[PDB]
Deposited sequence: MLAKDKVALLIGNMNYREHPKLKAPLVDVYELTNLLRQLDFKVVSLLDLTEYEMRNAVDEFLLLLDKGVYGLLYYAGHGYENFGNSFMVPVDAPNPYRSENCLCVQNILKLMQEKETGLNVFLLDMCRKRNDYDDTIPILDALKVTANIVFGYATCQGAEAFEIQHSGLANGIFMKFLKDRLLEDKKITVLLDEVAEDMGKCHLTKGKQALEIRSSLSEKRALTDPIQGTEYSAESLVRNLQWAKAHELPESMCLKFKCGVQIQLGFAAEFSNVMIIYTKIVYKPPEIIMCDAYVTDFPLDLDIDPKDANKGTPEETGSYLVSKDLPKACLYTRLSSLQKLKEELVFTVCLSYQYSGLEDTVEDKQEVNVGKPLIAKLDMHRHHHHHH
């Protein structure tokens, strides 16, 4: 079979303000992004989205899916299942949450079908228990027999989905690259989960499929004018700032470098590249970040990138630096302008600062 394009939206919610925090979405969204990139998928990987951001990511994602396009949606975070319907809980959801606060996966499904997609895959890596607080039970004028929808739930209905992978991604990542029909592939991952001593009687993956064709994530991509609008927009979506050298008044030169962690998460690192022998104590640190980004000023300027909450370990980046993680690039509405500070001793410590403008990095370039 042929695919017009292969596009994926991966959402990983961990830092909830009113609900317990999660760990697995960080490793699983990162690892799934890499495997999907290997399968020639254009992937958008988003961490910690509010209801507003989640709705805008799903809506803009639909305004990319076209006739014959293979679309994949992966969600990892707090979730619930009420009367057949699945809901994904945003990080800003109140306590308790109701369906108006969350996104119904069945609503996403029907809107994808109105784009005539060639394959719709939904991987829901979440708990499927009932939400006692949901007064409404939505009845959709459900279905359109497109015979191309595959759902892979991490667990069964009324059960739980338990720097390490979650149970679903642990088994899924070992086979995702195989050249088999996605239903056959998901069924083999279920057999793998079954063989695991840990899952027996607790977690089992459930597959709901109406796929009537041999369609796989390994299908080659077949070009249209409308495809070039999403191809150009996707090229602009992951541009990273170039590493810049900053020369200070005292002779100290600093390298300021950038790494992509997710489509909305960036690592900023500072390194002292030249130090005049006359200077003994020398520290460089970043401050004055846009308030939109809501960066914790203490989870900045860490000796290792793990301390910032990053997936990337010390040996994954240029080494012997100071790391700062900006995990909310979707909230940036202006240009990324901040201050680089230099403190140095030769009795009084000496300070000097330089302002740096690095434009709108990664998903911020997509003016939303």
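- Gaps without C-alpha coordinates occur at 163 to 168, 229 to 231, 356 to 358, 381 to 388, with positions taken along the deposited sequence from 1.
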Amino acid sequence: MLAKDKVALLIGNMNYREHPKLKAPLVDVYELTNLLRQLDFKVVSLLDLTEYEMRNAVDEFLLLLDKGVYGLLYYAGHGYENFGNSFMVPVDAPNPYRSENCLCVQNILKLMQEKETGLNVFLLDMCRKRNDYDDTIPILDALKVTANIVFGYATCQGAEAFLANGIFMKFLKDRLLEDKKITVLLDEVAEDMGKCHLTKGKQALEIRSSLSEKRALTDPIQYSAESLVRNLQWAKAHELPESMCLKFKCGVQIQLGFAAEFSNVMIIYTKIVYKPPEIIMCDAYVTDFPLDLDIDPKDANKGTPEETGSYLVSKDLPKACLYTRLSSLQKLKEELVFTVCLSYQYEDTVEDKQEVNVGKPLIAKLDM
From here on, numbers count along this sequence of modelled residues.
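- Between 273 to 281 and 68 to 76, the higher mean Cα B-factor belongs to 273 to 281.
- When the two stretches 94 to 102 and 169 to 177 are set side by side, the higher mean Cα temperature factor goes to 94 to 102.
- Residue set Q222, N85, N120, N264: peak C-alpha B-factor at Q222 (per PDB entry).
- Note on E307, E335, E51, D40: the highest value goes to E335, judged by CA B factor as recorded.
- In this PDB entry, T155 carries a Cα temperature factor that places it within the lowest third of its chain's modelled residues.
- When the modelled residues of the chain are ordered by C-alpha B-factor, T183 sits in the lowest third.
- Sorting the modelled residues of the chain by their CA temperature factor places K144 in the highest third.
- Annotation for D125: C-alpha temperature factor in the lowest third relative to the rest of the modelled chain, per the entry.
- Per-chain ranking of the deposited C-alpha B factor places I363 in the middle third.
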